[PDB]
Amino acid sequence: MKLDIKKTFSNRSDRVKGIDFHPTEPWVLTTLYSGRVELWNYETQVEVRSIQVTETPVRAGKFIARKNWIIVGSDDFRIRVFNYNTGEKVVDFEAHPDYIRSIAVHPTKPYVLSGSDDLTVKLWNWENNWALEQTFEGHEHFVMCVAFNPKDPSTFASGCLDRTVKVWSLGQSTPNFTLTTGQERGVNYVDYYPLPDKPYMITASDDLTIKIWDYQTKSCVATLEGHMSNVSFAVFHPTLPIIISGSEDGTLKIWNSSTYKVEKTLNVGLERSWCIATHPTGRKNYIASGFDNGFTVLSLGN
């Protein structure tokens, strides 16, 4: 394919651990290791807002555009919510007794999941004053990554350093199933293929491998070996037929999501790659990744 990669916006900062696109404003949310979070207008190149939230790392950061919120999870155990128009803090609660690795936001329901080093995923309901509605117990190490099935968010997958993916149903305490990934350095990330033509999940590991999973057959479709150190993330782009992976090798790679052949290796020049966001509507097929030395927003051709 012709990918026509364009550097939309680049910003140097502290290490970016979390990153997310606003769905209707030309904004990106970055969540930094210094305890700072930033909202950047990547079209105008103007900073919209920045907030010193704590002194510890803030690893997880999403928009909740329907409530004009940002939600952020930090190593100080806390989930914090801010109205991005005013800066007003909405809530600030101890979510786990250990580090918060990942936050996912339910698309239609007032539900947030947090993944943590306390070995659990916790479900929060903001229409019940952020009440803990369920604790998903069973994982054996740090829950690195939580992701709702975007085709059915009554279900979510949890990526863990116990080297399993677990797929759960909201309201059920036992997992639907457990993927034994054979990624012995653990699972850093898990994502779903969002289109209906394949029942696919993807994982990334410290073992330098990416693995494609069929949740119908519970088998490994493919192994993608194209990084020379820790693979931080691997995600299916929501429109283009590509996978984007990012590594502590400082590189972003674009794979053919059909043939699993490398389309492009991006040496972005900000050292270790930590996180990825894709624009939810696929506006300019926008992608962005967080790095040791800042973030970059990229637009992809049709």
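Throughout, we count residues from 1 along the sequence that is shown.
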**Q.** Stretch exceeding the other in mean C-alpha B-factor - 67-75, 84-92
**A.** 84-92
Q | Stretch with the higher entry mean CA B-factor, where the candidates are 94-102 and 190-198 | A | 190-198
Q) Checking the entry, which one of 116, 203, 219, 164 has the top C-alpha B factor? A) 219
Q) Going by the entry, which of 158, 155, 172, 230 has the most elevated CA B factor? A) 172
Q.
Lowest, middle or highest third: which one holds residue 58 when the chain's residues are ordered by CA B-factor from the entry?
A. lowest
Q: Can you work out whether the C-alpha temperature factor of residue 278 puts it in the lowest, middle or highest third of the chain?
A: middle
Q) According to the PDB entry, is the CA B factor of residue 234 in the bottom, middle or top third of its chain, that is, lowest, middle or highest? A) lowest
**Q.** Chain thirds of CA B-factor: placement of residue 22
**A.** middle
Q) Which third, lowest, middle or highest, does the CA B-factor of residue 184 fall in along this chain? A) middle
